[PDB]
Amino acid sequence: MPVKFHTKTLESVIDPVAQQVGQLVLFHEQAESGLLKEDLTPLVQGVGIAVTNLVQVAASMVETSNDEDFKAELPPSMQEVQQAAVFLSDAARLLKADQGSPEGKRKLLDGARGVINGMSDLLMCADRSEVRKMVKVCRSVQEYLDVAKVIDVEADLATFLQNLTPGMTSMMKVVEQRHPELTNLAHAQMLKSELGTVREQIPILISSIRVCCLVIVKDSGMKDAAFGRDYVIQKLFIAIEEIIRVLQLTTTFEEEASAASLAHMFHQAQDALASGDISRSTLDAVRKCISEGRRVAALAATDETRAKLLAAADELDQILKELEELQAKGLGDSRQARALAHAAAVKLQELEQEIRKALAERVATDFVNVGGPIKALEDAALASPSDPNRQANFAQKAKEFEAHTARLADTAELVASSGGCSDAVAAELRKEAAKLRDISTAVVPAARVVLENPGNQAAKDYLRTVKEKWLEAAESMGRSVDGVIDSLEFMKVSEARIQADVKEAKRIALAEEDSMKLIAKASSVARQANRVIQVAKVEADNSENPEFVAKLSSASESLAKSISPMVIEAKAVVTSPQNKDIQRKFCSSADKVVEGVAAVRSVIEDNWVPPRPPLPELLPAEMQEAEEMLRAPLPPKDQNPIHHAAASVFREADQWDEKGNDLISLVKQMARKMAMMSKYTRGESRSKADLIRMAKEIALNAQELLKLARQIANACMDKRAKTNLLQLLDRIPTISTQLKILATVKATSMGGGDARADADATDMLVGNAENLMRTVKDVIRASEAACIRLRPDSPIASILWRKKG
């Protein structure tokens, strides 16, 4: 039974006691080295009193509960932890008598680990009781959900409703009581999200049941209404399943390529090419970037960007062949090899930019009219029964809707896979896409119930509700997509497409072709312009720069004030297609639209900043030993996992020079300290005090890192990168607290005793430390990303992000 800290009460109780026990070990080693004999009696009395009082408040509950599992599991843990406290008392006695007392050392370490693990179990049987109760409630309501499938009259829906509401409330009050107690923010977020799902799905369920009760008397569309109802029942069932699963998690989540790794590989290949490097590694990375370029080319919106991306790919391959022929001749060091490699770096940047342009083009095409097709489907379902072709229209609009939403989700997947977004934004985008598909499965059945039940108002209202759910999911997914996509590229592509479509509309307006072409092209222009408005809104929201937000607001508002007059002038042309004056009015209005789009593009263009840094054109004995370790060859992977993680961090921070950058200094120092910790846990033959003290030093270093990186996030005017850094900073403190606790547990188990306890203690310590190192590394990269758009006055602006050498 490992130590637990998934609960604020668990951490709150175990943290100070583990600190006191660690101090007992530190004092024992302070007298072992002969520095000063310290009497451990007061500290042991404190730990023993904490144990006694926890045993008191826990023993007062053996009568109060009404589940026999808790009453059965309490006494063994109580006697266990009390026995460990006794071991601490004996340790104080014997070690006070003789420093070299073997029984004193043994009982000191044994009782030391036993009060920590024992307190953990003492609180954990209670926590298991609570979780069993909550899961019991969730199981009851989840089981009662299935009764809704037999409801056919609104009386059954009334009784079922009045039985479902109190149970649902009893579940939500308990879960809403639970998630403020968890130490893992991710678990709390999952609980809150599923709570939202249930709360929004209840009235949908009762509504779908209502349409079933109305359509059962048709003596017609029963299969699709039943499909809708059972779809909502399954969504509720799954959400409650996930609530039950997260309720029972007692583990840290973050201890259980991508788009950001593709972008990082692009940038690493660009930096290595801009230098002198043309080794096999760099060329392999370049070839991977070419493969990504061709992969995006196969999914391009038009054959022009496809053939262009392929052209850049084959050009880069040719440059690679030329570089390899140069290197084969012996001219790898020559200036023409370096100049050719630098040209390859520039071409790799241009390939990256064209990839961004292709994604922005896919977004410009697929999201130009998100709500159109589903509105056409709803109107197709609402066709009067006299319409001799309502079935064909409904079928066509249905298939067009399915292909539309499928295209939206596919484009979201492409952006998530190649948009250079962080892993968190990518996971969120993919989640919103999967939700969009899932809710899309229910759109056609509802509209088909309306189609075959005209005089049914309940089916109409349910179809409208499902329509608004689809529009909500699709619009939020669109907001995420616009958040990832490079906005300047969206404004350029939209400016060009709007120019071509406005030109074609003026052509159709002057030379009298079909007015249907004119209203179609004109409304398409209006939709593209409004999409420019929306993307400008997302870009303005993401900036904390008030002047840029004001300018962009002026451009977007000025553009929006020109869209409607253009459309009404177009309709005026369809009224009098022969009037040349109305044609002139419409042409001037459309030109005004083009000018507004150009204005928004100009604001975003003038606020544009190069993302990454540009290209070129040509100690104490402890930290010193850790430096020699981290610059020596790596230890065998099986033997020093902590050292490997610390080496990945040290290597991530080592490519940057330290002057003018305290973050790199803190991170390098933290890597050295973590390597020392690895060495101290590896000791088996003291290393305990060095392990505990080293853990505390790493914790303090993590505190300072959180302070500085928070100062960097505060002065950042890019809410995307700001959020990216804060998401990583928010889990560091719990990691460091768990680090100190787990290192204190490991120190009291290594060097004799139990083997299982030492194994689990080791594995938990190394998992925690690996997670901490991953977090610190991602904090390096996220901080470098946050230092791109800093306020011109903050001191953080003076930070130096120049590559070493």
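Along the sequence shown, residues are numbered consecutively beginning with 1.
In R710, the CZ atom is not crowded: 12 or fewer heavy atoms of neighbouring residues, nucleotides or ligands sit closer than 6.0 Å. Within a 6.0 Å sphere centred on CD of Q189, other residues, nucleotides and ligands contribute more than 12 heavy atoms. The environment of CZ in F253 is sparse: at most 12 heavy-atom neighbours from other residues, nucleotides or ligands sit within 6.0 Å. The neighbour count for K804 NZ, taken as heavy atoms of other residues, nucleotides or ligands under 6.0 Å away, is above 12.
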Give the C-alpha distance, both sets of side-chain angles, the deciding distance and a yes or no for salt bridge (charged side-chain N to carboxylate O under 4.0 Å, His left out) between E539 and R720. CA-CA 10 Å; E539 241 300 284; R720 263 136 59 186; 3.3 Å; yes
Test side chain to side chain contact (heavy atoms under 4.5 Å, CB included) on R601 and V532 and set out the steps. CA-CA 9 Å; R601 190 263 300 112; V532 168; over 6 Å; no
I'd like to know whether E325 forms a salt bridge (charged side-chain N to carboxylate O under 4.0 Å, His left out) with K321, so could you lay out the CA-CA distance, the side-chain angles of the two residues, the decisive distance to 0.1 Å, and finally the verdict. CA-CA 6 Å; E325 293 195 25; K321 301 153 191 173; over 6 Å; no
Take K537 and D541 through the test salt bridge (charged side-chain N to carboxylate O under 4.0 Å, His left out) and record every step on the way to the result. CA-CA 6 Å; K537 161 70 170 176; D541 289 11; 3.3 Å; yes
Could you walk me through whether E544 and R791 satisfy the salt bridge (charged side-chain N to carboxylate O under 4.0 Å, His left out) test, starting with their C-alpha distance in whole Å, then the side-chain angles of each, then the deciding distance to 0.1 Å, before giving a yes or no? CA-CA 9 Å; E544 302 218 346; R791 298 141 65 180; over 6 Å; no
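No donor-acceptor pair closer than 3.5 Å links the side chain of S494 to the backbone N or O of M491. Although no hydrogens or angles enter the test, the distance criterion places no donor-acceptor pair under 3.5 Å between the side chain of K357 and the main chain of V493.
Pairing each heavy atom of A743 with each of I692, the nearest pair is O-CG1, 4.4 Å. The shortest non-hydrogen separation linking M773 to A646 is CE-CA, 3.5 Å. The two residues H643 and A675 have their closest heavy-atom pair at CD2-CB, 4.0 Å. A416 and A426 get closest at one heavy-atom pair: O-CB, 3.9 Å. Residues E361 and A301 come closest through the heavy atom pair OE1-CB, 3.8 Å. Taking every heavy atom of both residues into account, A540 and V549 meet most closely at O-CG2, 3.5 Å.
Just one of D758, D763, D760 meets the side chain to side chain donor-acceptor pair (under 3.5 Å) condition when paired with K746; it is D758. The residue from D271, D654, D657 that alone fulfils the salt bridge (charged side-chain N to carboxylate O under 4.0 Å, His left out) condition with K803 is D271.
Taking the charged nitrogens against the carboxylate oxygens, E704 and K707 have no contact shorter than 4.0 Å, which rules out a salt bridge. Ion pair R287/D284 not flagged as a salt bridge, since none of the NZ, NE, NH1 or NH2 atoms sits closer than 4.0 Å to an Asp/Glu carboxylate oxygen.
Looking at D277 and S275, their side chains never bring a donor and an acceptor atom within 3.5 Å of each other. In this structure, a donor-acceptor pair under 3.5 Å is present between the side chains of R789 and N607. Side-chain contact annotation: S678 with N640, donor-acceptor N/O pair under 3.5 Å present. Looking at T252 and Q738, their side chains do bring a donor and an acceptor atom within 3.5 Å of each other.
With values rounded to the nearest 0.5 angstrom, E292 atom CD is found 8.0 Å from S417 atom OG. Here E622 contributes atom CD and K673 contributes atom NZ; the two are 6.5 Å apart, rounded to the nearest 0.5 Å. Atom OG of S487 is separated from atom CD1 of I604 by 5.5 Å, given to the nearest 0.5 angstrom. Interatomic distance, CD1 of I664 versus CD1 of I799, reported as 7.5 Å (0.5 Å rounding). With rounding to the nearest 0.5 Å, the separation of CZ in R731 from CG in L772 is 10.0 Å. Note that the CG atom of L691 and the CG atom of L765 stand 6.5 Å from one another [nearest 0.5 Å].
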